[PDB]
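Q: Pasting a structure here, questions to come.
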Amino acid sequence: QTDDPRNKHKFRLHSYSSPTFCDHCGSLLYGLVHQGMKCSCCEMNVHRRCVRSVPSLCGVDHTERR
Ligand SMILES: [Zn+2]
Ligand SMILES: [Zn+2]
């Protein structure tokens, strides 16, 4: 409850109203997730079974020159 580890994206199913499209398959998030699993670290919407297919590449930010 103090050390911050690092694993795959922190996908988290949110709730807006309609399901968003998937970024791994490009298919609406229907019959797969209540709404959509948005990564609470880099902002990445995916399905509930497409995460096991993602190579886990979280930590993609901008302004990395310095
Ligand atoms: Zn991410
Ligand atoms: Zn998907």
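Every chain in the structure tokens takes a letter, A first, then B, and so on in the order presented; its residues are numbered from 1, and the ligands are numbered from 1 following the presented order.
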Taking only C-alpha atoms and all ligand atoms into account, list the residues no farther than 10 Å from ligand 1, as a list in words.
A: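 Going residue by residue within 10 Å of ligand 1, we get residues 7, 8, 9, 10, 11, 38, 39, 40, 41, 42, 43, 44, 45, 46, 56, 57, 58, 59, 60 and 61 of chain A.
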Q: Save out the residues we just selected, N, CA, C and O atoms, as a compact mmCIF listing (two decimals), in the first residue's frame.
A:
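The result, stored in selection.txt:
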# COMPACT_ATOMS: atom_id res chain seq x y z
N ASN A 7 2.83 -2.75 -14.35
CA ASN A 7 2.47 -3.95 -15.13
C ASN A 7 1.85 -3.52 -16.47
O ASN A 7 2.35 -2.62 -17.13
N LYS A 8 0.79 -4.14 -16.87
CA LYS A 8 0.14 -3.76 -18.16
C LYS A 8 -0.76 -2.54 -17.95
O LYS A 8 -0.93 -2.07 -16.85
N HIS A 9 -1.33 -2.03 -19.01
CA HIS A 9 -2.22 -0.84 -18.87
C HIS A 9 -3.16 -1.04 -17.67
O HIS A 9 -3.47 -2.15 -17.30
N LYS A 10 -3.62 0.03 -17.09
CA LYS A 10 -4.55 -0.09 -15.93
C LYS A 10 -5.99 -0.02 -16.45
O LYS A 10 -6.81 0.71 -15.93
N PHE A 11 -6.29 -0.77 -17.47
CA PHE A 11 -7.67 -0.74 -18.05
C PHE A 11 -8.70 -0.71 -16.92
O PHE A 11 -8.57 -1.37 -15.92
N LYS A 38 -11.14 1.61 -20.13
CA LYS A 38 -10.20 2.73 -20.43
C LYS A 38 -8.98 2.63 -19.52
O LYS A 38 -9.09 2.51 -18.32
N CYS A 39 -7.81 2.69 -20.09
CA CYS A 39 -6.57 2.60 -19.27
C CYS A 39 -6.47 3.85 -18.40
O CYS A 39 -6.43 4.96 -18.89
N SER A 40 -6.42 3.68 -17.10
CA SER A 40 -6.32 4.85 -16.19
C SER A 40 -4.86 5.29 -16.06
O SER A 40 -4.38 5.57 -14.98
N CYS A 41 -4.14 5.34 -17.15
CA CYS A 41 -2.71 5.76 -17.09
C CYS A 41 -2.32 6.44 -18.40
O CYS A 41 -1.61 7.43 -18.41
N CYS A 42 -2.78 5.93 -19.51
CA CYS A 42 -2.43 6.55 -20.82
C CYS A 42 -3.70 6.80 -21.64
O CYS A 42 -3.66 7.40 -22.70
N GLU A 43 -4.83 6.34 -21.16
CA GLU A 43 -6.09 6.55 -21.92
C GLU A 43 -6.14 5.58 -23.11
O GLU A 43 -5.83 5.93 -24.23
N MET A 44 -6.54 4.36 -22.87
CA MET A 44 -6.62 3.36 -23.97
C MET A 44 -7.88 2.51 -23.79
O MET A 44 -8.01 1.77 -22.84
N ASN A 45 -8.81 2.61 -24.70
CA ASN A 45 -10.06 1.81 -24.56
C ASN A 45 -9.89 0.45 -25.24
O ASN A 45 -9.50 0.36 -26.39
N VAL A 46 -10.18 -0.61 -24.53
CA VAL A 46 -10.03 -1.97 -25.13
C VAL A 46 -11.19 -2.86 -24.67
O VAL A 46 -12.03 -2.46 -23.89
N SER A 56 0.94 -5.12 -23.87
CA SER A 56 1.18 -4.28 -22.67
C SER A 56 2.23 -3.21 -22.98
O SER A 56 3.42 -3.43 -22.79
N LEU A 57 1.81 -2.07 -23.44
CA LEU A 57 2.79 -0.99 -23.76
C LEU A 57 2.32 0.32 -23.12
O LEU A 57 2.19 1.33 -23.77
N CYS A 58 2.06 0.30 -21.84
CA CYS A 58 1.59 1.54 -21.15
C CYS A 58 2.80 2.42 -20.81
O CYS A 58 3.92 1.96 -20.78
N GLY A 59 2.57 3.68 -20.56
CA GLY A 59 3.71 4.59 -20.22
C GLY A 59 4.05 5.45 -21.44
O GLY A 59 5.09 6.08 -21.49
N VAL A 60 3.18 5.48 -22.41
CA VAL A 60 3.46 6.30 -23.63
C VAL A 60 3.04 7.75 -23.37
O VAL A 60 1.88 8.09 -23.43
N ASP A 61 3.99 8.61 -23.09
CA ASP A 61 3.64 10.04 -22.83
C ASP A 61 4.25 10.92 -23.92
O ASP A 61 4.74 10.43 -24.92
Q: Ligand 2: which residues are within 7 Å, counting only C-alpha atoms and all ligand atoms, as a ChimeraX atom specification?
A: /A:22-27,46-47,49-50
Q: Could you give me the residues within chain A that DSSP places in strand (DSSP E), as a PyMOL selection string?
A: chain A and resi 11-13+37-39+45-46
Q: Using only C-alpha atoms, which residue out of A:12, A:48, A:53, A:66 lies closest to residue 28 in chain A?
A: A:48
Q: Suppose you want the space between CA of residue 14 in chain A and CA of residue 62 in chain A; what is it in Å?
A: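 Spanning CA of residue 14 in chain A to CA of residue 62 in chain A is a straight-line distance of 24.3 Å.
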Q: In Å, with one decimal, what is the gap from CA of residue 1 in chain A to CA of residue 13 in chain A?
A: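 Value for the CA of residue 1 in chain A-CA of residue 13 in chain A distance: 22.5 Å.
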Q: CA of residue 3 in chain A to CA of residue 55 in chain A: how many Å, to one decimal?
A: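 Those two atoms sit 23.7 Å apart.
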